[PDB]
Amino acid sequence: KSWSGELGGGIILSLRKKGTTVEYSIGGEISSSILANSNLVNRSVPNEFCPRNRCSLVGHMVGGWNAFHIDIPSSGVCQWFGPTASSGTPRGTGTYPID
């Protein structure tokens, strides 16, 4: 099972389930202002990709030394843990576990 969604503020999250492991890819570009420590409310990670424990996905902004993280809690309501931002190209590939 595969899924893609524009989480909020222009950030896209692409997901692929492989057994107890979810593969992810942070996409898109920050098109509106995203508050520090805010919920990404446009899209929720569907149930089948939701972890038992909160996953902190470390990403990088294209063209600089800037990093951020997006949390995927069990609810699928992702959170942005970078500072308040209104521009940039977020990227980051990896995996996170499920049960």
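One rule holds for the numbers: they count along the sequence shown, beginning at 1.
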* Structure fact -> Higher avg CA temperature factor (28-36 vs 49-57, as deposited) belongs to 28-36
* To do: Rank-wise, by C-alpha B-factor, drop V62 into the lowest, middle or highest third of its chain.
  => highest
* **Cα B factor band for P90 (lowest, middle or highest third within the chain)** => lowest
* Going by what the PDB entry lists, where does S14 fall on CA B-factor within its chain: lowest, middle or highest third? -> lowest
* Asked: Split the chain's modelled residues into thirds by Cα B-factor; is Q79 in the lowest, middle or highest one?
  -> middle
